[PDB]
Amino acid sequence: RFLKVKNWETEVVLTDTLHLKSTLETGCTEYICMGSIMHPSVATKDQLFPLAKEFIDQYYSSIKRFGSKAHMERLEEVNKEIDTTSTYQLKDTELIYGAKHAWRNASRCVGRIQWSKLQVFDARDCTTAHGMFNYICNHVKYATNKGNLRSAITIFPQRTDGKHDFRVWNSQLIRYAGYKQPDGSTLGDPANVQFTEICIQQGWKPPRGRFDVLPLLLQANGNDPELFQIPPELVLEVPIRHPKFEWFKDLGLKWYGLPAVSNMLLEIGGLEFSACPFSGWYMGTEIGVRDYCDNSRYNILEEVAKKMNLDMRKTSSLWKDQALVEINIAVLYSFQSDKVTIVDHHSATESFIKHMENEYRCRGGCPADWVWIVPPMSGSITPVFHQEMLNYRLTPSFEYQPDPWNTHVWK
Amino acid sequence: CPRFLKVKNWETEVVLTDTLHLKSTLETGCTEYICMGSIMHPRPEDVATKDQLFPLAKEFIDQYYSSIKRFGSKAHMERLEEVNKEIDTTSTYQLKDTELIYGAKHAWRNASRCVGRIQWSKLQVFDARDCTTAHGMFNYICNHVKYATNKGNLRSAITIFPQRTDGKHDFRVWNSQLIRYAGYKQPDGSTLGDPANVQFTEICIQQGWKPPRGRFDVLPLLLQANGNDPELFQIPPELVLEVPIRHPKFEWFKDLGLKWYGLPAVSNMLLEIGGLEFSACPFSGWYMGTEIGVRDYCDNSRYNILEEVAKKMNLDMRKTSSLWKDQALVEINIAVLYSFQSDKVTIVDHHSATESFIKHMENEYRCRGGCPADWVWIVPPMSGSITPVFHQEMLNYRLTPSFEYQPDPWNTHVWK
Ligand code: HEM
Ligand code: HEM
Ligand SMILES: Cc1cc(N)nc(CCc2cc(CCN(C)C)cc(F)c2F)c1
Ligand SMILES: Cc1cc(N)nc(CCc2cc(CCN(C)C)cc(F)c2F)c1
Ligand SMILES: C[C@H](O)[C@H](O)[C@H]1CNc2nc(N)[nH]c(=O)c2N1
Ligand SMILES: C[C@H](O)[C@H](O)[C@H]1CNc2nc(N)[nH]c(=O)c2N1
Ligand SMILES: [Zn+2]
């Protein structure tokens, strides 16, 4: 059946037909909704063929050639390859289409208006961790583009037997280290304390600073991972200052310009790309709200409210909310002053509503996760707060996967 | 369906285990393939038959006798027997006063969209099931408002009017809330007052209300007893406590002429207890500041004051990345909390309320086996991730007794 979504501010109603084409589960049932659960819970020739067939079918439907001679040949081509080799290889055109549509189907991504402008780097000929490092450096250099950031994904060889996996062990390509101090506290980024310990334990010489770029830790073909330092001229960073508060620069805050998720799994046509680092540009709140002001991250709210001279004795002064707005003004001002691409949550959510309109008209829907789409501050003064959304799982897709250090049989 | 489900807090690492979900009784709207968790609302002449009513009454009576540690007792089996006979001979049954009070408190406790549930057991229940006329409803509602307001030391309360019988004799409060401000559409398309209330305001005017046509006019009560046409009553103004909004720092803020009423009182929901349907059950608590400061004042479709406040703050308003909206929103919400506290009218900030709810949720998990919660509604509409609930995984499911939505009465009423 058709489903309607209403925007309660504009009264616009859209009609979702696209959800009828999903087949993966959400985790909800008729009686329990798991919409706020962050993670709700190796193929064979038998499982693999219908998945391949479905993906080839939708690809040739997208290029307006369904049932063509090319379509029929590809289906037969893929048939004997799965049969004779227990897997199959995507054509270049299919790889690019599959990566763009995995972005397009990412229900948690507010940046999807850009989905078809994605640079795809085919790295399926990679065999070693040195090769992976070379591919990753080129990605970072291309996507950074001197501050005019460009969306990119680099796709390493697919999973075969589960024993020869390609994995980027870093959760993101560029992150700051985290150090557990003698006096029990934490220097740097606390969310990376464990990973930083694994890099130290592998030979990394930590400068033990507050913003130390972590080395890369790269696993090729199931071997033990190897450390590599990204050349510093490739790591673009932004000193954070405030347009009105000249004391803000004295806080000593910086961040990196390139957000690049490297720990997810790209599923296309039943194939699993366990190493597929992808990157875009930041929404300001990612840095200013979550990275800086989470109690479990850099946790700077009290310090800023200190130099703002705010009364911090009771919650109802909203001192936290005041300091939060100023932190996020500075992040946007800093990136913009340095001509590094960044989007504020007002522009981003507005673009996403426009994206939603587009997708409903030309595609019949747009899967979207309100819990992730609504920004972590000022929710209801952004237009996505008032937008009903339907969440469902379409393929090709990005999926979560286990941390590699919980599964890697060392040697 | 799995027996144990785990929820995690991603800020504190605390893991909780839910078994209460196995008692869920009605549908969420989600399926195995689609989640409707952000959908706001996923015939009234149809009433429960004898055969639908029997198991629903037994379920609730069993639950009540279990709560009082008398499950399987003589009084439990006798009450089952007496209820079953009543349904057989009359097609319905009447709740004892103790069961009515238990059911109302538990409908609140079960309200997955309510962040204020740490208070659920402290609820004053007024039994108005002997009411017969709209004048009597007005008396009961006035007594509710005065008790709940308590000169600013607000007390949560519910007043329960007679249950549905055949569906042609419903009691309804036509107001969605007991205290709201009127909205007036102008010929030029602008709106005076609260634009959310234009439809209901026009109904009141058609029913005889003489509108003062101001920015903050308390609407009359529009009250329907026993399925008759509804009747208009003016709430005595001395019973409507109101707070003028001023700012601790910006002396010009009072010059905006803003105020709000102290008592939030929902009057359009349906209370279901043991299969009985209480279509008029106004309930009231006290406000979380963001309800006024963020939604009532700053939604574009409501009073929409961000622009005017930003001007008086002399903020750069040409680019959105100055965050001038965010900056003015904080100052508006500071003024709302400051004005209420200064006048000694109960209010809770969104930091304190969400912290209390986490503690409530943890206690419910430990003592009750779970706590249904709707993240989309629990997380406040500003500063989301600097409140603890943002980081809390929540399971949403529908337990009974419950508060439910029901059609708007003007869409279903048969005019005499
Ligand atoms: C182009 C600019 C982009 C912007 C402004 C943007 C914005 C965002 C934001 C704010 C989130 C939430 C992140 C979090 O809170 O952890 C997100 C999630 C996500 N984005 Fe985008 N994004 C962009 C590009 C991309 C690209 C290029 C891809 C893949 C090709 C992508 C795929 C995803 C996925 C899979 C998620 C979900 C991540 C998860 O579940 O942890 N995004 N995006
Ligand atoms: C005592 C202090 C209370 C506080 C601080 C509080 C807080 C809230 C808030 C902030 C909401 C969201 C409202 C909205 O965004 O429209 C809400 C919803 C709700 N509350 Fe509470 N509440 C309180 C008392 C009560 C009481 C006494 C009841 C019933 C006996 C109740 C039942 C509900 C229900 C059913 C909803 C859902 C409303 C809807 O779906 O429109 N609450 N509450
Ligand atoms: C493609 C893309 C674009 C964009 N704008 N944002 C992202 C997410 C980026 C990202 C997420 C995290 C999770 C941390 N979370 C707990 C707050 C950590 C990072 F270091 C990081 F860079 C991806
Ligand atoms: C018992 C109780 C306590 C509490 N703190 N809040 C409530 C909700 C009150 C309420 C809701 C609405 C819906 C409009 N929404 C978009 C903001 C309008 C109102 F006028 C109103 F008073 C109930
Ligand atoms: C419990 C809840 O699912 C969790 O905190 C989510 C909420 N929404 C989010 N939204 C985004 N964009 N990113 C996040 O990490 C989260 N965390
Ligand atoms: C579309 C979305 O469900 C809608 O805007 C919701 C979001 N969360 C909410 N949360 C509360 N407390 N009150 C609301 O009215 C809403 N509205
Ligand atoms: Zn759901």
Side-chain angles (χ1 to χ4, degrees), chain A residues 26-40 98-120 143 149-155 170-176 189 191-192 195 214 255-266 276-287 289-294 296-298 341-345 347-349 351-352 369-376 390-392 396-400, chain B residues 10-11 28-39 42 374-376 385 391 395-397:
Chain A
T26 65
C28 304
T29 77
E30 297 73 47
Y31 289 102
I32 308 117
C33 175
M34 297 183 183
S36 60
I37 305 304
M38 206 181 294
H39 307 289
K100 287 178 186 192
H101 276 68
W103 187 8
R104 190 190 195 179
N105 298 334
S107 69
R108 290 180 169 173
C109 175
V110 75
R112 277 180 286 164
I113 193 169
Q114 292 285 328
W115 73 269
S116 71
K117 172 174 176 182
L118 176 69
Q119 179 62 223
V120 177
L149 311 196
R150 300 183 283 202
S151 297
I153 186 164
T154 292
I155 304 180
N170 317 49
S171 60
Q172 294 74 14
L173 298 178
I174 298 188
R175 290 215 63 177
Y176 296 126
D189 191 338
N192 298 320
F195 183 77
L214 283 160
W255 208 254
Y256 43 95
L258 184 72
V261 170
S262 45
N263 65 352
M264 286 187 86
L265 183 138
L266 166 59
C276 56
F278 59 85
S279 68
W281 53 81
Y282 264 120
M283 187 169 72
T285 52
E286 302 182 73
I287 300 158
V289 182
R290 308 294 318 280
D291 295 335
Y292 282 162
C293 291
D294 275 12
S296 62
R297 302 289 306 284
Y298 272 81
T341 304
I342 195 171
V343 68
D344 64 82
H345 54 289
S347 176
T349 52
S351 288
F352 184 75
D369 187 334
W370 193 103
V371 168
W372 275 64
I373 296 291
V374 171
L390 295 163
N391 192 14
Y392 45 98
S397 51
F398 294 107
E399 312 280 342
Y400 298 115
Chain B
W10 287 87
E11 165 168 73
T28 60
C30 305
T31 80
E32 189 164 70
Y33 301 115
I34 189 158
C35 172
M36 309 222 181
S38 66
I39 300 299
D374 184 336
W375 193 100
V376 171
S385 73
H391 307 273
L395 292 171
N396 195 18
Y397 48 91

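Heavy atoms only: backbone and side chains are in, while hydrogens, waters and symmetry mates are out. Numbered from 1 within each chain, the chains take letters A, B, ... in sequence-line order. Every number for a ligand or one of its atoms is a count from 1 in the order of the listing.
The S279(A) neighbourhood of ligand 1 comprises atoms 27 (C), with distances under 4.0 Å to a heavy atom of that residue. Interface of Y400(A) with ligand 1, defined as ligand atoms under 4.0 Å from a residue heavy atom, comprises 39 (C), 40 (O), 41 (O).
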Distance dump, ligand 3 polar atoms to protein, N/O, under 3.5 Å:
unit_1   : atom_1 : unit_2  : atom_2 : d
ligand 3 : 5 (N)  : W281(A) : O      : 2.6
ligand 3 : 5 (N)  : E286(A) : OE2    : 2.6
ligand 3 : 6 (N)  : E286(A) : OE1    : 2.6
ligand 3 : 6 (N)  : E286(A) : OE2    : 3.4

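Between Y392(A) atom OH and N105(A) atom CG the span is 9.0 Å, to the nearest 0.5 Å. The line from OG1 of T349(A) to CG of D344(A) is 8.0 Å long, rounded to the nearest 0.5 Å. Separation of atoms CD1 (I32(A)) and CG (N396(B)) is listed at 10.5 Å; rounding is to 0.5 Å. In this structure, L265(A) CG and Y400(A) OH are separated by 12.5 Å, a value rounded to the nearest 0.5 Å.
Closest to atom 38 (C) of ligand 1 among all protein heavy atoms lies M264(A) SD, 4.1 Å. Looking only at heavy atoms of the protein, atom 32 (C) of ligand 1 is closest to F278(A) CE1, 3.5 Å. Ranking protein heavy atoms by distance to atom 5 (C) of ligand 1, first place goes to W281(A) O, 3.4 Å. The nearest heavy-atom contact from the protein to atom 33 (C) of ligand 1 is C109(A) CB, 3.7 Å. For atom 1 (C) of ligand 1, the closest non-hydrogen atom on the protein side is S151(A) OG, 3.4 Å. Counting only heavy atoms of the protein, atom 14 (C) of ligand 1 lies nearest to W372(A) CZ3, 3.4 Å. Protein heavy atom closest to atom 11 (C) of ligand 1, with residue, atom name and distance, is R108(A) O, 4.2 Å. Among all non-hydrogen protein atoms, the one lying nearest atom 24 (C) of ligand 1 is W103(A) CZ2, 3.3 Å.
Taking the six-membered ring where the residue is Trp, the centroids of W103(A) and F278(A) are separated by 6.0 Å or more. Less than 6.0 angstrom separates the ring centroid of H39(A) from the ring centroid of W10(B).
Side-chain atoms of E32(B) and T29(A), non-hydrogen and from C-beta on, never get closer than 4.5 Å to each other. Counting only heavy atoms from C-beta outward, the side chains of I153(A) and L266(A) approach each other to under 4.5 Å.
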**OP:** Carefully, step by step, assess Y176(A) and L214(A) under the rule side-chain contact (heavy atoms from CB on, under 4.5 Å).
**Re:** CA-CA 6 Å; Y176(A) 296 126; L214(A) 283 160; over 6 Å; no
Original post:
side-chain contact (heavy atoms from CB on, under 4.5 Å) between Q119(A) and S151(A): does it pass, once the steps are laid out?
Top reply: CA-CA 6 Å; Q119(A) 179 62 223; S151(A) 297; over 6 Å; no
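By the criterion of a heavy-atom distance under 4.0 Å, the side chain of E286(A), and not its backbone, is placed next to ligand 1.
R104(A) places no side-chain N or O within 3.5 Å of a backbone atom of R112(A) that could act as its donor or acceptor partner.
Between the SG atom of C28(A) and the SG atom of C35(B), the angle taken at the Zn ion (ligand 7) works out to 100° after rounding to 10°.
Using a 30° and 60° split on the angle between ring planes, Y282(A) and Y256(A) fall in the tilted class, from 30° to 60°.
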